[PDB]
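**Q** pasting the structure only:
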DNA sequence: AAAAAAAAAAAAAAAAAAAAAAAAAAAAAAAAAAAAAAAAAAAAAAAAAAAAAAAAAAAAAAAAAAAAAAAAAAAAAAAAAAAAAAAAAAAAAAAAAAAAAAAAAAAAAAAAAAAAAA
């Protein structure tokens, strides 16, 4: 509950980039093996 | 033959622009009244000129408002600190003349083709 807190460049970069990488890999890039559709195709259909 | 950089595939992030149609305003560029300014004519109040004159500076001298001296007291202006306005100095720049490289027209002449004669 403080206006400013320290954050390391390493921790912030690692958390943000890992979140983005996992989100992309699981949610837009690769298709599921079962139905063979990405989430965009699944939602559109 | 090694290094480096472009480009393309597909789901994601985020932007930009041209016109039509009417009615009003705001810039911005013109003709066109309208008055300063200037050239060139005749024309007419002012200086000149002269004689003649009388109104205000000199001069005597008193006296009455005065400018320096004395004192008390009020407080305007000057110089030192800071804080804004407004103008030359210097440097930079976008079109703009100069130069150099690529596209289109040109015919001279021949390869290949098409066509026909005897």
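**A** Yep, it's here. Residues are numbered from 1 along each chain as shown, chains lettered A, B, ... in the order given.
**Q** Check the offset of the strand or helix carrying residue A:11 from the chain's centre.
**A** For residue A:11, the host element (DSSP states H and E) is helix A:9-24. On the basis of C-alpha atoms, centre = their mean, to the nearest Å, helix A:9-24 is displaced by 8 Å from the centre of the chain it belongs to.
**Q** same question, stretch A:14-33
**A** On the basis of C-alpha atoms, centre = their mean, stretch A:14-33 is displaced by 4 Å from the centre of the chain it belongs to.
**Q** now the end-to-end length of it.
**A** With C-alpha to C-alpha, to the nearest Å as the measure, stretch A:14-33 spans 29 Å from end to end.
**Q** just stretch A:35-45 next, same as before
**A** Span of stretch A:35-45 from end to end, C-alpha to C-alpha: 12 Å.
**Q** For the residue of chain A found nearest DNA strand B, list the residues it contacts.
**A** At 3.7 Å from DNA strand B, residue A:28 is the closest residue in chain A, using C-beta to the nearest atom of the strand. Placement of C-beta: from N, CA and C, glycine included. Contacts here follow C-beta atoms under 8 Å, 6 or more residues apart in numbering; on that basis residue A:28 touches A:38, A:39, A:40.
**Q** Give me the buried entries from those residues.
**A** Restricting those to buried positions leaves nothing, with burial counted as 16 or more other C-beta atoms under 10 Å.
**Q** Adding distance to residue A:17, write the residues you listed out as a markdown table.
**A** Putting the contacts of residue A:28 into a markdown table (distance: C-beta to C-beta, whole Å) gives the following:
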| residue | distance to residue A:17 |
| --- | --- |
| A:38 | 22 |
| A:39 | 21 |
| A:40 | 23 |
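**Q** In helices, which of the residues you listed fall?
**A** Using DSSP state H, the subset of the contacts of residue A:28 located in helices is A:39, A:40.
**Q** Okay, the residue of chain A closest to DNA strand B and residue A:12: tell me how far apart.
**A** Noted for residue A:28: a distance of 23 Å to residue A:12, by C-beta to C-beta, to the nearest Å.
**Q** How about residue A:38?
**A** From residue A:38 across to residue A:12, the span is 29 Å (C-beta to C-beta).
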